[PDB]
Amino acid sequence: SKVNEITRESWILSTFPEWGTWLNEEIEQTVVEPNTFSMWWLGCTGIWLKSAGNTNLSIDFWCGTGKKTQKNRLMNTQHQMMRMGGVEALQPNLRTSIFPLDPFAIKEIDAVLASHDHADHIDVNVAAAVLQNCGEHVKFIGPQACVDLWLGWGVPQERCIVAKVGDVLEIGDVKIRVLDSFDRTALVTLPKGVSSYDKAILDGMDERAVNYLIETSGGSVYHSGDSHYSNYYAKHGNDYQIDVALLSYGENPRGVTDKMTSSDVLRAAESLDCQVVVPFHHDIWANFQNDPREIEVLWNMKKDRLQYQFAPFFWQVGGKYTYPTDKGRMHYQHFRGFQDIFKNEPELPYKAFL
Amino acid sequence: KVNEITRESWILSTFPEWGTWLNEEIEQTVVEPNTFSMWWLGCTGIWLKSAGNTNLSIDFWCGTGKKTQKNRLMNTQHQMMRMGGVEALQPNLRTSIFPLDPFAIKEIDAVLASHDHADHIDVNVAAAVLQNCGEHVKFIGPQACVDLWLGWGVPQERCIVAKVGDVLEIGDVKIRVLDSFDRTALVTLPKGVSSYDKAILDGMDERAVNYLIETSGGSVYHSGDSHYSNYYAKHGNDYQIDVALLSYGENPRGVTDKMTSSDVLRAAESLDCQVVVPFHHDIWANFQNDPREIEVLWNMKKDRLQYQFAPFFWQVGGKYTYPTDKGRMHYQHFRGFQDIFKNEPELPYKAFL
Amino acid sequence: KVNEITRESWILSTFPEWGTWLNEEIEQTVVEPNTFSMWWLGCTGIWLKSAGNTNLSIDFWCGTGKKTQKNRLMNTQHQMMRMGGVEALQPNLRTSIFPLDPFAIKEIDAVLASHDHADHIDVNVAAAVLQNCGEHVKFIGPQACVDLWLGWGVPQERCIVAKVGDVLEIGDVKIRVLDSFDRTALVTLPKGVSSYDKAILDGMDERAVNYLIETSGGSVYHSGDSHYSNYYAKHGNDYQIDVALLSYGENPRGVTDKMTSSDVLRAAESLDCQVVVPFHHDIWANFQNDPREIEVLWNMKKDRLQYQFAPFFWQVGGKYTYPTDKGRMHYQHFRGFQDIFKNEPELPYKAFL
Amino acid sequence: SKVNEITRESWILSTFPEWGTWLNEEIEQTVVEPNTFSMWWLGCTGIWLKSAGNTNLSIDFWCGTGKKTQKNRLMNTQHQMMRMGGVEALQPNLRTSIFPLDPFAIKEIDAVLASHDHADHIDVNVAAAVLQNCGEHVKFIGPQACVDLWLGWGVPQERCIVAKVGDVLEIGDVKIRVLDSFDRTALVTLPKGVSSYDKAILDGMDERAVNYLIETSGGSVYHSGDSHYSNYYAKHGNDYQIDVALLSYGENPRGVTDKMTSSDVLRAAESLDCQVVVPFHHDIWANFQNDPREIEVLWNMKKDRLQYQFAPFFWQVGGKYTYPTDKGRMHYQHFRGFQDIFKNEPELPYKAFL
Ligand SMILES: [Fe+3]
Ligand SMILES: [Fe+3]
Ligand SMILES: [Fe+3]
Ligand SMILES: [Fe+3]
Ligand SMILES: [Fe+3]
Ligand SMILES: [Fe+3]
Ligand SMILES: [Fe+3]
Ligand SMILES: [Fe+3]
């Protein structure tokens, strides 16, 4: 190492993303057992899914960050937060989770999905990486607004598939059901100079936000993007067997509603009639710092009285989940290492040193 | 544009995560008389700012952990091999963001290091400070940390070897150099150097120290990642320690590298502090832990043992001001939206949300 | 005598359950200067009494729920049908007693209705007040409540249509009419009127409002059964709200008709109140709930979010006096026996009991 | 004119009792499965029991209320409360639970039981209703003092059966064992002018209070009326297999002892050696407002150390319990409704409205 040879740029390039290609390697090397499926949490609502037949999907994989300076103290005119809250000042949304996966190291993938067109659910860098490293067979699947963003970034139209509610897509050995979204924020996320006083905007969900139910030989996973709470989760739950439900969670600032509360994660689990409920999105923003234990406590208090049939699962960014293998586990813990502890004797001044 | 993007342009546009947000925050902070403020920089990194505008970086670390699984073998005679008789690579992956850009540092009085372990000293932070700051900035640390800085190209004139019992004055702050209890450091030796040899047991002071930093708003004890020692009680008998920063984490089976939840409490009692603040518990995936153990045990024991201190649970990149924040137990980042409803919302109907 | 007894004679001698106990209690309460008292009449019914002896009844409901299972079908286009696409009868059975006989009311200044839903407005209470009280009593509510009262036979000189932004002076109390967030009310439309139509979304103010009642003892915010809205923060920014009354209950799967435990807390924070009081959680069997969820969440979050309010758990028929009772969390009905052992017991031996 | 046609009397008659005949209908229409029995909580200690053989019993069904005014300041001379506590002032006992069953709509019943002669355990209206609606076959079963009250009210002697400790009565397919009572309050519940200093009154339990063990093809239930705690429960538990134990609970005012404490509910369950303990009577009086969670918390703290073989069940007034089907359930929840949720599509201005 040399003080003189170091620049800010050389430091950044040698250091980030944090885990380098550790997880890229982990994912590629994982052998998914028959009648099971595996997923990894990529931060925010990003999920890598890998079926037993080696089909690979990336969903809402986001490699952006939040604010990088306080220099600009003003929020962009008509940003959704301004429309919802009548605010003027900059939002202090700072990214608080590491980047567990290098998208530029992706070699094996079948499709890139986006639940909706919000910035933290779609990514130009992920797009670039997949187009650069992968074959022409990889599909970009998302609602019309997501396809418009990808096309605008230079993704070829032939790579895109516009997801419409009620569509059923086959990719490798997995079935993708496109379902309604309840992302109320998406409804009012409109370009400057376009009015959100107008009631006609209320019919626009389908054009820009969907939920996905992904069916594998090991079971199904419901990715709700960042849908708020809706009674209509119960319609989805009546119609389909949903094994694992991924629901966005966070601590709403006073006067803001952007994520479901702890109580609504449970109501949503009950409405989806799932077996495992998995909060996500609760890792990403400093200003939404939260306490997932609220979900666990409320679940313990209410499960007998309401005869809840599901259990919560508390994950970690970069972590793996395998279903149905991990059903029954509640608290994820990263591999602790040292499985070969004391293979050989220690080298210490006396045995009881430590 | 999709074809104007490379891995390298993505990285340079994206990292570090918070840009210069906290650099700006720190500079623009006006520390009130009779108070001091600190920020947690990840791992055991701390920025301290006094009411006299003295600024110190302690253990500021801008490295990361493993970046690949390709090399499946642990380095021969790594401290973990010496303590555990293992052969396989350690899966230590960095799990906290980088809240401060070392290359945006403009205002600083000294760079301190508790010890020479990799996650407590940084060549990039050194480069940045040498490149952007005046000749007055000191690099303070045990002999072994000075040796690392020197070897990286930090000029001897900038360094101060910290030895136990030293009292250093920097601006309006007093830095007491105190004993370290980092048992891991004692056996962190180069390949070909034996850790069977009992003479290595006298080696703490040359490579590891703890700091008691006294300000006009109170004192902070930075324990580096010392393990538990009864000797904290000697430090606690000798000095008023307001805030104690102690390394915490979940030890893997057969490993002892961080103090347990019971020991964070015993150490707080021994240092006889006012506030105990676990840190280091953010950084490694394989040490993933539950700081609520500390809060639960403290609630169960504080009456019976007449504990006079309270714990405080922080967040990486977060601020703490003493004594202003005494009484606060759970840190929450600024939530934003303090001007909520300054104007009316623009919605299709008022109850839309 | 079994021969003289009829279902009718049984009912008339037995109900309402407390007879006129609370009517007497309320009438005889002398409210101290700079305080106000309220009683919970079940569901969201509130009796409010100021230090100046102004008396208001708010959402006083004396109906019951289902009385038979014979009719197995829900009325076409009932709000629950519109919201849930159901056909079967709702099993809403009233689970609270009737602590106040409306036909014993003799002293009152105004009858308020937050909205026109059946369990918030009452023809029997209207009859009773017109029968027993002077020409001066006002019936205050949104246009839709005034229309219901008018159609029942309440004279038009008695009614006052509440519009958002109105400020009504009644005796020594000020009544601010504020926005409601009762999303169910928006779709509660007559058979043959479409709820697919987006124009219905502008209809809140004509049929539902929230009240902020200001007294010399402080203020109370009655939210009717508003759902959760960010706009509570606008009301909280604009006014000092001491006590917030918020409707709570356990929503059946696929139904949203009451705020969750998490939202009771968010609403308390948004209203920036000092005391939050769930109500409505007593009334329907099919919404049977656990208010302790609110207490547990509040304990878990109050430090981290710096909550400045505390929850208060009431009982139907109970009293609350503000600010005298601030600090109390769990209401207990009077236990009696204050004159215990005034005289000696009459027992076969001292230690019998 | 709606308001013109309304009187206090018309309102009361159109409104009460609260559930009308909903529960009358529910009970009649219930088909009890073989090897099970069902019960409903009627408020206070009232129970409706229905066997698989369609035998129907009412136990301590009380349709009275408490105080209806504050005007009478004084407690009745020599009321049991005055004898026990040397008090003068009126007791503030206000009924706090609704009336889930209309006694006048009873059409199918085999017997009317009373555990003891306290006012809240026997009812003249229930008697009048049963005599008016049912055949000559319906029996009124109670201790001598209960039979005396029924007789005095006009119940014909031929309908009554004086229950004495040790008696075993057959009614349909159920066996009713009459057992000792421990209602200490009943011993000093004596008419004005009769002395409670007299030790002879101590032999009076059996003539006025009993406990019942009701054996069905689905298991047994022990109704303790409002017995206080007694070591003698262990005698009953040694002698018989007791599946469900119904025990009176409440919050005693300072200086009063009228209901078992949370600790004693547990000791009693242990003594009776039951499988399920069900507190009751804790719904009825305002001045005894209590917290049944004390029972649950204590049980969780002690069940391992004491090797408790029973579990508590927390019911709701008007609710159902079926044994052994409901064993394992701890917190009763009334039917929530909406089982046909989303049978059809909602009728809303946009899907995510709710
Ligand atoms: Fe998002
Ligand atoms: Fe979104
Ligand atoms: Fe370390
Ligand atoms: Fe160390
Ligand atoms: Fe209501
Ligand atoms: Fe309503
Ligand atoms: Fe009783
Ligand atoms: Fe009794």
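Every chain is numbered from 1, with letters handed out A, B, ... down the list of sequences. Computed from heavy atoms alone, side chains included, the values below leave out hydrogens, waters and symmetry copies.
- A:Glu26 touches chain B through backbone and side chain together, each having a heavy atom under 4.5 Å away.
- When heavy atoms are compared at a cutoff of 4.5 Å, A:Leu348 approaches chain B by way of both its backbone and its side chain.
- In this structure, A:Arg336 contributes its side chain and B:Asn251 its backbone to a donor-acceptor pair below 3.5 Å.
- Among A:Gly86, A:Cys63, A:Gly20, the residue with the largest count of heavy-atom pairs under 4.5 Å with chain B is A:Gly86.
- With rounding to the nearest 0.5 Å, the separation of CG in B:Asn124 from OG in A:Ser1 is 7.5 Å.
- Residue contact with chain B, scored on non-hydrogen atoms closer than 4.5 Å, involves the backbone and the side chain of A:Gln333 alike.
- Looking at A:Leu202, the atoms closer than 4.5 Å to chain B (heavy atoms on both sides) all sit in the side chain, from C-beta outward.
- Chosen from B:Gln338, B:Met74, B:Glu24, the residue pairing most often with chain A at heavy-atom distances under 4.5 Å is B:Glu24.
- Residues of residues 281-290 of chain B placed with any heavy atom under 4.5 Å of a heavy atom in chain A are listed by number as B:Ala285, B:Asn286, B:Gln288.
- Contact record, A:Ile98 with B:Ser96: CG2-O, 3.2 Å, taken as the closest heavy-atom pair.
- Here CZ of B:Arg82 is found 14.0 Å from CG of A:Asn344. Values are rounded to the nearest 0.5 Å.
- With a 4.5 angstrom heavy-atom cutoff, A:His331 does not touch chain B via any of its atoms.
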(request) Test side-chain contact (heavy atoms from CB on, under 4.5 Å) on B:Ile340 and A:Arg254 and set out the steps. (result) CA-CA 8 Å; B:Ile340 196 73; A:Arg254 173 175 178 274; 3.6 Å; yes
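- Counting only distance, with no hydrogens or angles, the side chain of A:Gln132 and the backbone of B:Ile5 share a donor-acceptor pair below 3.5 Å.
- Remark: side-chain polar atoms of A:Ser196 are paired, donor with acceptor, to backbone N or O of B:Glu346 under 3.5 angstrom.
- The candidate with the highest count of non-hydrogen atom pairs below 4.5 Å against chain A, out of B:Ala88, B:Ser13, B:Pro91, B:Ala104, is B:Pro91.
- A heavy-atom distance below 4.5 Å is not found between the side chains of A:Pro346 and B:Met83.
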(request) Take A:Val87 and B:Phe337, measure what side-chain contact (heavy atoms from CB on, under 4.5 Å) needs, and give me the verdict at the end. (result) CA-CA 7 Å; A:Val87 295; B:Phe337 309 93; 4.1 Å; yes
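- Looking only at heavy-atom pairs under 4.5 Å with chain B, the residue among A:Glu345, A:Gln316, A:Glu9 that has the most is A:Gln316.
- In terms of non-hydrogen atom pairs under 4.5 Å with chain B, the most contact-rich of A:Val124, A:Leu90, A:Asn24 is A:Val124.
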(message) Between B:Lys342 and A:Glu88, is the salt bridge (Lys or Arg N to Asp or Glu O under 4.0 Å) condition met? List the steps.
(response) CA-CA 8 Å; B:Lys342 185 186 179 169; A:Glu88 289 176 7; 2.8 Å; yes
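- With a threshold of 4.5 angstrom between heavy atoms, B:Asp339 approaches chain A through its backbone and through its side chain.
- Residue contact with chain B, scored on non-hydrogen atoms closer than 4.5 Å, is absent for A:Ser10.
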(request) Give the intermediate values and the outcome of side-chain contact (heavy atoms from CB on, under 4.5 Å) for residues B:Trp149 and A:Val3. (result) CA-CA 9 Å; B:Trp149 283 313; A:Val3 153; over 6 Å; no
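- In terms of the ring pair (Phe, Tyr, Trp, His ring centres under 6.0 Å) criterion, residue partners of B:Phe103 (sequence neighbours excluded) are, by chain and number, A:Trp11.
- For A:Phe16 against B:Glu17, the heavy-atom pair with the smallest separation is CE2-OE1, 3.9 Å.
- The greatest number of non-hydrogen atom pairs below 4.5 Å with chain A, out of B:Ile200, B:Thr256, B:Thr20, B:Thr14, is found for B:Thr14.
- Within 6.0 Å of NZ in B:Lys1 there are more than 12 heavy atoms belonging to other residues, nucleotides or ligands.
- The residue among A:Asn93, A:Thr96, A:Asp198, A:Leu131 with the most heavy atom pairs within less than 4.5 Å of chain B is A:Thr96.
- Chain B forms the most heavy-atom pairs under 4.5 Å with one residue out of A:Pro103, A:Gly66, A:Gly85, A:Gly154, and that residue is A:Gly85.
- Residue A:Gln91 holds its CD atom at 10.5 Å from CZ of B:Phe334, rounded to the nearest 0.5 Å.
- At distances below 3.5 Å, at least one donor-acceptor pair connects side-chain atoms of A:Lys68 with backbone N or O atoms of B:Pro16.
- Counted within 6.0 Å of NZ on A:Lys2, heavy atoms from surrounding residues, nucleotides or ligands total more than 12; the atom is thus considered enclosed.
- For A:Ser195, the parts lying near chain B are the backbone and the side chain together; criterion is any non-hydrogen pair under 4.5 Å.
- If you tally non-hydrogen atom pairs under 4.5 Å between each of B:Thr184, B:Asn3, B:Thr6 and chain A, the highest count goes to B:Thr6.
- Under the rule for a ring pair (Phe, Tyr, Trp, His ring centres under 6.0 Å), A:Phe61 has no partner lying at least two apart in sequence or in another chain.
- Taking the salt bridge (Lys or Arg N to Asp or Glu O under 4.0 Å) definition, one finds that B:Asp263 meets it with B:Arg266, sequence neighbours left out.
- Taking every heavy atom of both residues into account, B:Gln69 and A:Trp22 meet most closely at OE1-O, 2.9 Å.
- Here B:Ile11 contributes atom CD1 and A:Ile12 contributes atom CD1; the two are 9.5 Å apart, rounded to the nearest 0.5 Å.
- Per-residue counts of heavy-atom pairs under 4.5 Å with chain B were compared for A:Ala128, A:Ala129, A:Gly318; the largest is that of A:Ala128.
- Residue B:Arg292 touches chain A through its side chain alone, counting heavy-atom pairs closer than 4.5 Å.
- Heavy-atom distances place both the backbone and the side chain of A:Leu94 under 4.5 Å from chain B.
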(request) With side-chain contact (heavy atoms from CB on, under 4.5 Å) as the test, would you mind laying out the steps for B:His227 and A:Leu354 before giving the verdict? (result) CA-CA 10 Å; B:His227 292 214; A:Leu354 283 169; 4.0 Å; yes
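- In this structure, A:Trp19 contributes its side chain and B:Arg94 its backbone to a donor-acceptor pair below 3.5 Å.
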